[PDB]
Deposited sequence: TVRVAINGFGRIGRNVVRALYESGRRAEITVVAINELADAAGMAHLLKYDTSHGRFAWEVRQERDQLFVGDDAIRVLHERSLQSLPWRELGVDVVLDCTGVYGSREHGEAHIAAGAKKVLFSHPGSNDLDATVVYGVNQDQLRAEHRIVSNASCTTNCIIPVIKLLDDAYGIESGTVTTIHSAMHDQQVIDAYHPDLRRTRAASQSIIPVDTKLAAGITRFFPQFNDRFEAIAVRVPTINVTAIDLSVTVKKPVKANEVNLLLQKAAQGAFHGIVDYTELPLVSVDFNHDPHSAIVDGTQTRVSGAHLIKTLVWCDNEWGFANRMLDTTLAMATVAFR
């Protein structure tokens, strides 16, 4: 068993746990410890009841400083700073840090120092890390040497695969993105800050000063829509683009990217493990060179499963 600890039991941490069990990737990975400065029972409870994904199918309990998913007893810690984490004592192979506060080399080193073999951050974190993984695209680029890695963000993890597929096939010249985020808020469309372009140009440096992004928050549940527009060199038609993407979903990107032409709405992709689901019915091409594609993703669940995918790769290399 690969044994992981989770630092920070927020939304993403909780989902990683839920995902571990539902995906059955329990067989290959046991969570041994969770750490959040937050009261233990608020965790057990919040793990059991989730606003988007239903009651957790497994039986959850929290007595003492011990969380319980099914028959597993997860030791619950309340450390405030990285050094005093008993990673060594627990034999932690990978620490998934989902705190959202920690993210630099030093934080990584601190985790390793505390006894963890490797670290995986649930966000981009400081630039200079031993690696950055958008699973399904560049997991093959992982080494032994690589011990402090970032898993990108849920939005970058959603759109990067598509941008790659499109760039490889048609040569992207420039791109612009609009992200429609789910959640006064409960009536408006709210313009919000977005880091998604920084994330794209970082992963694809050939796109510096060639990509921009805006984003809005709307009062929907759980699922996010990404509205991607790119200029390409090779002339293309809407259905050719769709055929490319559909093929990718059945081939090289099976399980990571999905494709659909069914008449669906956002909530239908709730609890969908894919990093991205391409909506074929929304694909457009203006002239022969401006491609619009709408990509759905469960902004938490997809990412959560990628955390686990990346973890496995890290522990295996």
- Go through the deposited sequence from residue 1 and tell me which stretches lack C-alpha coordinates, in order. 184-201, 336-338
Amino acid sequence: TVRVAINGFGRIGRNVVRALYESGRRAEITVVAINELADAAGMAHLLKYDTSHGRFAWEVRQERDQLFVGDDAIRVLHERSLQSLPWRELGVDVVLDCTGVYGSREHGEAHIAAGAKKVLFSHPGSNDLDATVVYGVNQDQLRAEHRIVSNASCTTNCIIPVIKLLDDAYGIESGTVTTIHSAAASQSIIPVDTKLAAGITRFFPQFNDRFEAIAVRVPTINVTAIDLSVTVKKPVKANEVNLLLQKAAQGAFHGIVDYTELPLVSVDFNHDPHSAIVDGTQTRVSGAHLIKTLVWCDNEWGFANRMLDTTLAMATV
From here on, numbers count along this sequence of modelled residues.
- On average, which has the higher Cα B-factor in the deposited entry, 188-196 or 100-108? 100-108
- Task: Please rank the C-alpha B-factors of the chain's modelled residues and tell me whether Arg217 sits in the lowest, middle or highest third.
- Result: lowest
- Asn35: CA temperature factor from the record, placed by chain third, in the lowest
- Should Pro161 be placed in the lowest, middle or highest third of its chain by the C-alpha B factor in the entry? lowest
- Sorting the chain's modelled residues by C-alpha B-factor, tell me whether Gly280 ends up in the lowest, middle or highest third. lowest
- Chain thirds of CA B-factor: placement of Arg11: middle
